[PDB]
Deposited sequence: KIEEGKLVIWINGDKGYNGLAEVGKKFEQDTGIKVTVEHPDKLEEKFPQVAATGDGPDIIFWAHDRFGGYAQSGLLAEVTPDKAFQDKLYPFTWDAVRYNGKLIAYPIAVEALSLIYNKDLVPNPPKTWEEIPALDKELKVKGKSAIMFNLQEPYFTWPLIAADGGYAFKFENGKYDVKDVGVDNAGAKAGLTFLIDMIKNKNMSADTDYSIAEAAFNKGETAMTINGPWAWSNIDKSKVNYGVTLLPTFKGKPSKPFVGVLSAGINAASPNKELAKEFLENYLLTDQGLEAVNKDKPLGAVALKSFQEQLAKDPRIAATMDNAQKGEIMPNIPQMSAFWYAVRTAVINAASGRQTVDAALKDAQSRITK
């Protein structure tokens, strides 16, 4: 009691957040400690269920329905004046069983990131990437590398031709799942065909793809706003644009709302509210995080007005509008674990595309 412990993922601007924490302490005398444990989103329910854990947890909103269902989050209590400072759809992302159970911070979607000096006119279709790769391979380069280990990054292609997670009835139907329909299989088959053709490698992960793109070894990558800061520091002149289409249809990234939840076991709920409402969710607080690692579009209208001019943010929102907001229901983690296994198994040859996605469908439903 008398201090704040915050958990945030290691790809986010945790040093910038710590600067907001230092300002909070200067003003209040209350110490703010920012940590970025690994697997924090799996650890939180295990420690919060014993009355331990951080005061504030940051993640995309998809995890938070499961937390709320288990009673691990405090209902947040912003007055109507504060609610009107943030975009309504961001509050919708953090509403569960009619209650607000987090503060929305930022809106994330994946984009195509391209080296302007290797591909001045980036490909508009996935289908043209193999021919581009062939020309780059004679120069000792590759067309594209992105994280193939996490389903977040492959989902936009799987969804393009008709894949979906849970069907929404204007409630989600947790038994109407679109992981093994024909559209999902078509997109995952194309990924596997690129791997078979040696346009990509099944073992590429986040670090490998980031290093290759930021050293000028691959012409394109797929990543979110948090990655831009490291590219700024690199030698690469990059642009951010629409994901390629597949079978003429847009890639459909899942849209995540970075959210801050208050632990139901926290003895510091009033302090957490003060920190989040009056320090973090200000133009200056978000600026401090954003200059560390970019947040994307932000939930705070006044600061989003200042970011909306950036072509990178425009591209982020263009991809977001072609995609879908993630569900926040508890079943979302089952979806992600099952799809992760399916993609890895298909890409490594441990299962056919059809067998992998059928097994995932069975697991989720």
Per the record, deposited positions without any C-alpha are 1-3, 174, 370
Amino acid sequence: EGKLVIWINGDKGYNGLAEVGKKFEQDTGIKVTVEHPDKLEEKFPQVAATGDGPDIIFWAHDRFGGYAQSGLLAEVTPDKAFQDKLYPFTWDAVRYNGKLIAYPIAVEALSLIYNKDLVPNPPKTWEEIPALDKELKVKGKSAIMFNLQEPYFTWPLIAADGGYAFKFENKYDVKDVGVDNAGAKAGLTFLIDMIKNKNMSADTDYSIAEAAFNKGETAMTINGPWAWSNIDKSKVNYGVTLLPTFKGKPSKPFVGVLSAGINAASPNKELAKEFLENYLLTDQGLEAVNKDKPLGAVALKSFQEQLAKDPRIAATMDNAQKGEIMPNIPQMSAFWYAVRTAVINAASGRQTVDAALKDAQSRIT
From here on, numbers count along this sequence of modelled residues.
Stretch with higher mean Cα temperature factor, 248-256 vs 73-81, is 73-81
Per the PDB entry, mean CA B-factor is higher for 39-47 or 336-344, namely for 39-47
Among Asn214, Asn121, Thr189, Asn199, highest Cα B-factor in the entry goes to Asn121
Top Cα B-factor in this entry, restricted to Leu86, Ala109, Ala106, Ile113, sits on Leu86
On the chain's distribution of Cα B-factors, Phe58 falls within the third called middle
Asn181: CA temperature factor from the record, placed by chain third, in the middle
In terms of its chain's C-alpha B-factors, the third that includes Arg363 is the middle
Among the modelled residues of its chain, the C-alpha B-factor of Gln331 falls in the third labelled middle
Assert third(CA B-factor, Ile208) within chain per record equals middle
